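One structure below.
Protein chains: 2
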Amino acid sequence: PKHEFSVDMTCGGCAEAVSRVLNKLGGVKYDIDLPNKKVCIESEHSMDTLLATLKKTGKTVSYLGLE
Amino acid sequence: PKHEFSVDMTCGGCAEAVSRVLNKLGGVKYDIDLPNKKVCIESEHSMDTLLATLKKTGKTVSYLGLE
Ligand SMILES: [Cu+2]
Numbered sequence: 002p003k004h005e006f007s008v009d010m011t012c013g014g015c016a017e018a019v020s021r022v023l024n025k026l027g028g029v030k031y032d033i034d035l036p037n038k039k040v041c042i043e044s045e046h047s048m049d050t051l052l053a054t055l056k057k058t059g060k061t062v063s064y065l066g067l068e
Numbered sequence: 002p003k004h005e006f007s008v009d010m011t012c013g014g015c016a017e018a019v020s021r022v023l024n025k026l027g028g029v030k031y032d033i034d035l036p037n038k039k040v041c042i043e044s045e046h047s048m049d050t051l052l053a054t055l056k057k058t059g060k061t062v063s064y065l066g067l068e
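Those sequence lines, one after another, are chains A and B. Following PDB author numbering, the numbering of the first sequence begins with 2 at its first residue and continues without gaps. Following PDB author numbering, the numbering of the second sequence begins with 2 at its first residue and continues without gaps.
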């Protein structure tokens with residue numbers, strides 16, 4: 002499944018921190034779009050696990066949906 | 002005790018993120034100096050706990066010692 006999240010990243014540092022928490026979770030393939038404040042994640046991890054992982058950053062996160 | 006950490010924050014968004022994770026931990030009095038990449042924390046929480054809480058952000062964190 003391909004999950005789509007809004008994450009309120011406002012600098013390259015914010016983007017890199019997202020990548021680091023996702024790397025720590027593992028079992029993910031992702032792309033981070035800074036100008037559109039979007040993270041897409043291909044994973045077998047649950048929506049809730051991915052959400053909780055992103056929210057660890059301390060950034061505002063919401064779920065946009067799924068393919 | 003009064004602990005000091007370096008946290009590699011590059012924008013105000015990064016400072017907010019640090020604020021949010023520390024608020025969620027609770028039992029802390031902190032100040033964040035964004036241009037100097039420094040976070041001072043007065044807490045009864047162990048250094049270990051504060052370090053782990055800061056590293057949750059996915060930002061690079063190091064320990065600048067007791068005041
Ligand atoms: Cu930032």
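Virtual Cβ for every residue (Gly too), placed ideally from N, Cα, C.
Residue 14 of chain B: contacting residues in chain A (beta-carbon distance under 9 Å): For the purposes of this step, residue 14 of chain B is taken as residue 13 along the second sequence, with counting starting at 1. Under the 9 Å cutoff, chain A gives 9, 10, 11, 12, 14, 15, 60.
According to DSSP, residue 5 of chain B sits in a beta bridge with which residue or residues? One-based indexing of the second sequence puts residue 5 of chain B at position 4. Residue 5 of chain B pairs with B:41, B:66.
Of all Cβ atoms in chain B, is any one closer than 8 Å to the Cβ of residue 30 of chain A? The residue given as residue 30 of chain A occupies position 29 in the first sequence. For residue 30 of chain A, the answer is no, since every Cβ of chain B falls outside 8 Å of its Cβ.
Which of the three DSSP states is assigned to residue 30 of chain A in this structure? By 1-based counting over the first sequence, the position of residue 30 of chain A is 29. Residue state, collapsed to three classes: strand.
Do you know offhand how far residue 65 of chain B's Cα is from residue 68 of chain A's? Residue mapping note: residue 65 of chain B aligns to position 64 of the second sequence, counting from 1. Residue mapping note: residue 68 of chain A aligns to position 67 of the first sequence, counting from 1. One C-alpha to the other measures close to 45 Å.
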